[PDB]
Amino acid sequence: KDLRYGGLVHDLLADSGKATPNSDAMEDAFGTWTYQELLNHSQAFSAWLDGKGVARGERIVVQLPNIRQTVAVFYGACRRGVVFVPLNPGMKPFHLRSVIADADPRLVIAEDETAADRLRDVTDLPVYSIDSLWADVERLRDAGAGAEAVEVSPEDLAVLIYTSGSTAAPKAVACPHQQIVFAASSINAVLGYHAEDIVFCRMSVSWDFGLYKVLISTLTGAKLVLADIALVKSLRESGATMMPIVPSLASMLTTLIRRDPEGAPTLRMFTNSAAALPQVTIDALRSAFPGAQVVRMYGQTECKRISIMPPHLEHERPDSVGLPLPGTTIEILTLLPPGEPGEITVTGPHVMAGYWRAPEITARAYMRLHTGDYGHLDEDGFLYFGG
């Protein structure tokens, strides 16, 4: 439909960089880049990787907060077939050691010098602080470096997304370009982001919730705001129109909102996944923001997302997590008939390439993804947990 098959991640950027070069693409606490600027810095970073001899198919581990540079690192890596491995700042050191070793990167990018030092205890690989490596990036940007393309297959890995906690064996979903682009386009065919949206994203890009707000904004030409008591003010002052939520973040917002009758009237949508949104929270969001749709979704990192409740149906089938992503199938398992509880299984161009270097774990979950969640479809195709 508007669904993208066979796509490359960095092509999203190249398109918007040319289509709307002067529109605002990324804002963080420190400034704003237009799409041109984002394209230019991503190109520069690609030349920095070339300069360092990081090759197609290799990994970089990047442990950075939500700042513009991280998005440039992401796209610059994609443009060279290099695999982006985003990790959350604040991980415990033994946890980093485990994950870095598993990811097996060519180098590691840290948030600053203190952090670069802590990383150096836990790996022998080369470690660069973003401030220092960025001085080079800016030189390269100024010299116009990195503008050339290089061969990248839609089947090449773009990202590894670690889902394992610190008490678990390291485990990342292995994400090829095609699947990412497709999933972004399929999500967007339901949610309807567009070029005058301002997306307020409080989720780290180390989680696919944030990464896909980078991608969906880039896809549509929207503006992404990379973002505590101040939350309501941030929202209203950014002019935020779209906000991905998780239930704890929604409760906080409804608590905070009673203390501010100016609200944030620009908000038109909240999109919830990761956990079940309780009715009381939904009601409070609608009351504080009657202009906004509250949209239930369900997913796993293994295929990015599984179901979305169409926005226009937000008041119906209160127990459902919605319909399959467009271009994908859900079935319940031996195919069970409607109403019959079984394992939720998923088929489509969003199902990712398995877990990185873990044939054994991959084998049990994976061309059909077995989620280990249980539920049923009703007659219409809507998905429910349990019975």
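The numbering used is simple: start at 1 and walk along the sequence shown.
- Unmodelled residues of the deposited sequence between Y366 and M367: 4 to 9.
- The modelled chain is continuous from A55 to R56, with every intervening residue of the deposited sequence accounted for.
- Averaged over Cα atoms, the B-factor as recorded in the entry is higher for 73 to 81 than for the other of 183 to 191 and 73 to 81.
- When the two stretches 259 to 267 and 217 to 225 are set side by side, the higher mean Cα temperature factor goes to 259 to 267.
- Looking only at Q63, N40, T32, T334, the residue with the top Cα B factor in the deposited structure is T334.
- The PDB entry assigns the greatest CA B-factor among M297, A158, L313, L125 to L125.
- When the modelled residues of the chain are ordered by their C-alpha B factor, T362 lands in the highest third.
- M26 sits in the middle third of its chain by CA B factor, as recorded in the PDB entry.
- Per the deposited record, the Cα B-factor of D136 falls in the middle third when ranked against the other modelled residues of its chain.
- Compared with the other modelled residues of the chain, the Cα B-factor recorded for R317 ranks in the middle third.
- Among all modelled residues in its chain, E196 ranks in the middle third by Cα B-factor.
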